[PDB]
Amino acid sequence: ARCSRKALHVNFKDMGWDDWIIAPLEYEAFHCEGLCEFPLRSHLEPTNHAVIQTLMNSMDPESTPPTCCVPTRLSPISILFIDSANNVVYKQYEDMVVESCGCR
């Protein structure tokens, strides 16, 4: 129920990227979703600002909104594609897969 990492399958043809991405045709990127209420676990590695906001949100939710569950660590994947200049490129793209989620 609380902030956690969930599955997210990325299919490039579904996004209309099959015309420039050669391989892979799909990959798991995951996504972060869940509640961010007191207590924020340290598995959320929260900022001191996030800790305070969560407290204020718990005291008066009408006045202060809660923090949000977002990715805190991301890993890369390699992609073979055709750039705008029709060159074939095998590049490692950063921040493509979610490894851990946290409230911020």
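We number the residues from 1 along the sequence you see. For clarity, a rigid core is taken as the largest C-alpha set superposing within 1.5 Å between two forms.
Stretch 75 to 83 is the one, of 75 to 83 and 28 to 36, whose CA positions lie farther from the shown form in 7 other deposited structures of this protein once all structures are superposed by the rigid core.
Between 16 to 24 and 89 to 97, the larger root mean square Cα shift in 7 other deposited structures of this protein, once each structure is superposed on the rigid core, falls on 16 to 24. Stretches 55 to 63 and 24 to 32 differ in mean C-alpha B factor, with the higher average recorded for 55 to 63. When the C-alpha B-factors of 66 to 74 and 36 to 44 are averaged, 36 to 44 comes out higher. Split the chain's modelled residues into thirds by C-alpha temperature factor. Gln92 is in the middle one. Among the modelled residues of the chain, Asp14 sits in the lowest third by CA temperature factor in this PDB entry. Sort the modelled residues of the chain by CA B factor and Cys101 lands in the middle third.
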